[PDB]
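Chemist: If you scroll down you'll find the structure; I have some questions about it.
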Amino acid sequence: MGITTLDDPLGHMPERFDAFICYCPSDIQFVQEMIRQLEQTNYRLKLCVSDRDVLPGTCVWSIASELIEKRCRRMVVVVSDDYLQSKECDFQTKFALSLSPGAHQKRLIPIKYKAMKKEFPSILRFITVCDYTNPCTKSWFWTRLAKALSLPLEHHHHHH
């Protein structure tokens, strides 16, 4: 685990990780639901998380913080009141800072299960958020997130 070799639950993927999930412990139940409800209805994914000691099964494993860019294409940013104030947001921010002023933004997808009052950090400030709290987009929501993930950042191949 961590950075140790011989670790490859998925048979060592040259594909690497698609996205890294960072979320708040206070709204963990929604995230636990998300990861499994993705795989049950999606175009096949393979992700990882910051804290994996919890979660229901979830096919993920531990990687290096200094290698998040080298391991995962994207980061799933769970924007909750507890997230914006907890270490999790700072972690995601440090990653985004090592990427690039603009490119990082396309590499961070903000997910919102609830509706808070807190203000946004400029490092993400909602580029393209998917509100699970709104039944309008909560229909093929997991498949929509899965679509946005399965698409490599924004590699313009599928038409445009």
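Note on naming: chains are A, B, ... as they come in the structure tokens, residues start from 1 per chain, ligands start from 1 in the order shown.
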Could you pull the residues within 9 Å of stretch 33-48 of chain A, counting only C-alpha atoms, minus those fewer than 4 positions along the same chain, as a PyMOL selection string?
Modeler: chain A and resi 10+16-21+28-29+52+55-63+72+140-147+149-150
Chemist: Write down as a list in words the residues of stretch 48-105 of chain A whose backbone DSSP state falls under helix (DSSP H, G or I).
Modeler: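 Here are the helix (DSSP H, G or I) residues of stretch 48-105 of chain A: residues 65, 66, 67, 68, 69, 70, 71, 81, 82, 83, 84, 85, 87, 88, 89, 90, 91, 92, 93, 94, 95, 96, 97, 98, 99, 103, 104 and 105 of chain A.
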Chemist: Which is closer to residue A:53 than all the others in A:153, A:1, A:123, A:129, using only C-alpha atoms?
Modeler: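 Using only C-alpha atoms, the shortest distance to residue A:53 belongs to A:1.
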Chemist: Tell me which of A:79, A:64, A:6, A:148 sits closest to residue A:23, counting only C-alpha atoms.
Modeler: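 For residue A:23, the nearest of the given residues is A:79.
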Chemist: Using only C-alpha atoms, which residues sit within 10 Å of residue A:91 once same-chain residues fewer than 5 positions away are excluded, as a PDB file with C-alpha atoms, in the first residue's frame?
Modeler:
ATOM      1  CA  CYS A  22     -11.629  14.083  -2.136  1.00  0.00           C
ATOM      2  CA  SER A  50      -7.718  10.118  -0.042  1.00  0.00           C
ATOM      3  CA  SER A  65       0.104  12.641  -2.693  1.00  0.00           C
ATOM      4  CA  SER A  86     -11.412  20.827   6.338  1.00  0.00           C
ATOM      5  CA  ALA A  96      -4.399  22.113  -8.304  1.00  0.00           C
ATOM      6  CA  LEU A  97      -1.492  24.530  -7.628  1.00  0.00           C
TER       7      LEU A  97
END
Chemist: Can you check which residues of chain A DSSP gives as strand (DSSP E) on the backbone and send them as a list in words?
Modeler: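 Those residues are residues 17, 18, 19, 20, 21, 22, 48, 49, 72, 73, 74, 75, 76, 77, 78, 108, 109, 110, 111, 112, 130 and 131 of chain A.
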Chemist: So that I have them on file, write out the residues from the current selection with N, CA and C atoms, as a PDB file, in the first residue's frame.
Modeler:
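The resulting file, out_6.pdb, is shown below:
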ATOM      1  N   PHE A  17      -5.021   5.685 -12.922  1.00  0.00           N
ATOM      2  CA  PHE A  17      -6.302   6.064 -12.312  1.00  0.00           C
ATOM      3  C   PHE A  17      -6.978   7.178 -13.115  1.00  0.00           C
ATOM      4  N   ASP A  18      -8.292   7.087 -13.271  1.00  0.00           N
ATOM      5  CA  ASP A  18      -9.035   8.102 -14.010  1.00  0.00           C
ATOM      6  C   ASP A  18      -9.208   9.383 -13.175  1.00  0.00           C
ATOM      7  N   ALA A  19      -9.715   9.241 -11.955  1.00  0.00           N
ATOM      8  CA  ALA A  19      -9.957  10.397 -11.089  1.00  0.00           C
ATOM      9  C   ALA A  19      -9.709  10.083  -9.606  1.00  0.00           C
ATOM     10  N   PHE A  20      -9.262  11.098  -8.874  1.00  0.00           N
ATOM     11  CA  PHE A  20      -9.028  10.996  -7.432  1.00  0.00           C
ATOM     12  C   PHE A  20     -10.142  11.727  -6.667  1.00  0.00           C
ATOM     13  N   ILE A  21     -10.832  11.022  -5.781  1.00  0.00           N
ATOM     14  CA  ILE A  21     -11.957  11.603  -5.040  1.00  0.00           C
ATOM     15  C   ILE A  21     -11.515  12.178  -3.683  1.00  0.00           C
ATOM     16  N   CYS A  22     -11.873  13.437  -3.434  1.00  0.00           N
ATOM     17  CA  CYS A  22     -11.629  14.083  -2.136  1.00  0.00           C
ATOM     18  C   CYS A  22     -12.954  14.595  -1.556  1.00  0.00           C
ATOM     19  N   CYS A  48      -9.650   6.420  -7.295  1.00  0.00           N
ATOM     20  CA  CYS A  48      -8.997   6.265  -5.988  1.00  0.00           C
ATOM     21  C   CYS A  48      -9.454   7.375  -5.030  1.00  0.00           C
ATOM     22  N   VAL A  49      -9.193   7.205  -3.734  1.00  0.00           N
ATOM     23  CA  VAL A  49      -9.662   8.167  -2.718  1.00  0.00           C
ATOM     24  C   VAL A  49      -8.543   8.539  -1.735  1.00  0.00           C
ATOM     25  N   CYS A  72      -3.481   9.896 -11.294  1.00  0.00           N
ATOM     26  CA  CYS A  72      -4.875  10.160 -11.686  1.00  0.00           C
ATOM     27  C   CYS A  72      -4.993  11.299 -12.704  1.00  0.00           C
ATOM     28  N   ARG A  73      -5.837  11.089 -13.712  1.00  0.00           N
ATOM     29  CA  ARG A  73      -6.112  12.113 -14.726  1.00  0.00           C
ATOM     30  C   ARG A  73      -6.816  13.325 -14.111  1.00  0.00           C
ATOM     31  N   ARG A  74      -7.806  13.051 -13.276  1.00  0.00           N
ATOM     32  CA  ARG A  74      -8.716  14.078 -12.768  1.00  0.00           C
ATOM     33  C   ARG A  74      -8.870  13.989 -11.241  1.00  0.00           C
ATOM     34  N   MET A  75      -9.525  14.981 -10.642  1.00  0.00           N
ATOM     35  CA  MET A  75      -9.907  14.914  -9.228  1.00  0.00           C
ATOM     36  C   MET A  75     -11.390  15.276  -9.041  1.00  0.00           C
ATOM     37  N   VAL A  76     -12.123  14.407  -8.347  1.00  0.00           N
ATOM     38  CA  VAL A  76     -13.530  14.655  -8.022  1.00  0.00           C
ATOM     39  C   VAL A  76     -13.638  15.463  -6.719  1.00  0.00           C
ATOM     40  N   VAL A  77     -14.003  16.733  -6.843  1.00  0.00           N
ATOM     41  CA  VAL A  77     -14.037  17.651  -5.702  1.00  0.00           C
ATOM     42  C   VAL A  77     -15.444  17.743  -5.084  1.00  0.00           C
ATOM     43  N   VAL A  78     -15.664  17.025  -3.986  1.00  0.00           N
ATOM     44  CA  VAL A  78     -16.955  17.067  -3.288  1.00  0.00           C
ATOM     45  C   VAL A  78     -17.094  18.358  -2.463  1.00  0.00           C
ATOM     46  N   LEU A 108     -10.534  19.462 -12.434  1.00  0.00           N
ATOM     47  CA  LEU A 108     -11.286  19.359 -11.174  1.00  0.00           C
ATOM     48  C   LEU A 108     -12.803  19.445 -11.417  1.00  0.00           C
ATOM     49  N   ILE A 109     -13.530  18.371 -11.115  1.00  0.00           N
ATOM     50  CA  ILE A 109     -14.995  18.375 -11.245  1.00  0.00           C
ATOM     51  C   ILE A 109     -15.672  18.459  -9.867  1.00  0.00           C
ATOM     52  N   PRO A 110     -16.309  19.606  -9.554  1.00  0.00           N
ATOM     53  CA  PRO A 110     -16.992  19.818  -8.272  1.00  0.00           C
ATOM     54  C   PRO A 110     -18.370  19.128  -8.202  1.00  0.00           C
ATOM     55  N   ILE A 111     -18.538  18.237  -7.228  1.00  0.00           N
ATOM     56  CA  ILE A 111     -19.827  17.576  -6.987  1.00  0.00           C
ATOM     57  C   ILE A 111     -20.493  18.136  -5.724  1.00  0.00           C
ATOM     58  N   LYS A 112     -21.790  18.419  -5.809  1.00  0.00           N
ATOM     59  CA  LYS A 112     -22.513  19.064  -4.706  1.00  0.00           C
ATOM     60  C   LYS A 112     -23.799  18.293  -4.349  1.00  0.00           C
ATOM     61  N   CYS A 130     -22.044  19.489 -10.571  1.00  0.00           N
ATOM     62  CA  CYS A 130     -23.202  18.611 -10.757  1.00  0.00           C
ATOM     63  C   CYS A 130     -23.950  18.447  -9.422  1.00  0.00           C
ATOM     64  N   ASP A 131     -25.100  19.112  -9.302  1.00  0.00           N
ATOM     65  CA  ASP A 131     -25.849  19.163  -8.039  1.00  0.00           C
ATOM     66  C   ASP A 131     -26.758  17.941  -7.827  1.00  0.00           C
TER      67      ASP A 131
END
Chemist: Kindly give the distance, in Å, that separates atom CA of residue A:121 and atom CA of residue A:51, rounded to a single decimal.
Modeler: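 Answer for the atom CA of residue A:121 to atom CA of residue A:51 separation: 22.3 Å.
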